[PDB]
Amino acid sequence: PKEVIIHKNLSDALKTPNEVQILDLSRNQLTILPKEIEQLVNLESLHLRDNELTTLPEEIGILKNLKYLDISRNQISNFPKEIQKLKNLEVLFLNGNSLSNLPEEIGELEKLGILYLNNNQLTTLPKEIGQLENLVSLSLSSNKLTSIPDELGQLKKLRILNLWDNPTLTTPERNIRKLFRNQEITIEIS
């Protein structure tokens, strides 16, 4: 049973916490996500787009059923290690944030299939990015990339790698393509 009338208010969601499948707090001028989010144990989708967040509380790791997390258009610069507990996460929108580095824990999102990192200030990816075995689409457009780790070549299900608008990346196109020599993939390099 899917939720079609989604929840848009945290206080109301907390009145019947086991009931809530989708919570949308986008454009709520949040500077912090309240710790009480951990009460929504059955949450599957959390939208926090266009807030003023700089991180997530460590309580996020209690949301083990989460499949979709939209934190786009915030000022996110770091994550708690507890993000590694989001083992059911399939889609992560991190576009439009303040990321200059991704933590090693990003590589622990075992079921992640789609990762959007457009419009951040990343200079590289951690070696642990190669642990995302189910990743199909990785978008890194408009970042500050200077290198791509060889471990990216471990992503055998990757079908789209988008590197548009990274003029700082001096890495030759042939070297990038060589990481995925045999594999079915389209690589977008400006």
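Don't overthink the numbering: it's just position in the shown sequence, from 1.
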| query | finding |
| --- | --- |
| Which of 38 to 46 and 121 to 129 has higher mean CA B factor, as the PDB entry lists it | 121 to 129 |
| Stretch with the higher entry mean CA B-factor, where the candidates are 133 to 141 and 146 to 154 | 146 to 154 |
| Third of chain Cα B-factors occupied by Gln75 | middle |
| CA B-factor ranking of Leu179, expressed as a third of its chain | highest |
| Modelled-residue ranking by C-alpha temperature factor, third containing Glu105 | highest |
| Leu169 - Cα temperature factor, lowest/middle/highest third of chain | highest |
| Ranked against its chain, the third holding the CA B-factor of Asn9 | middle |
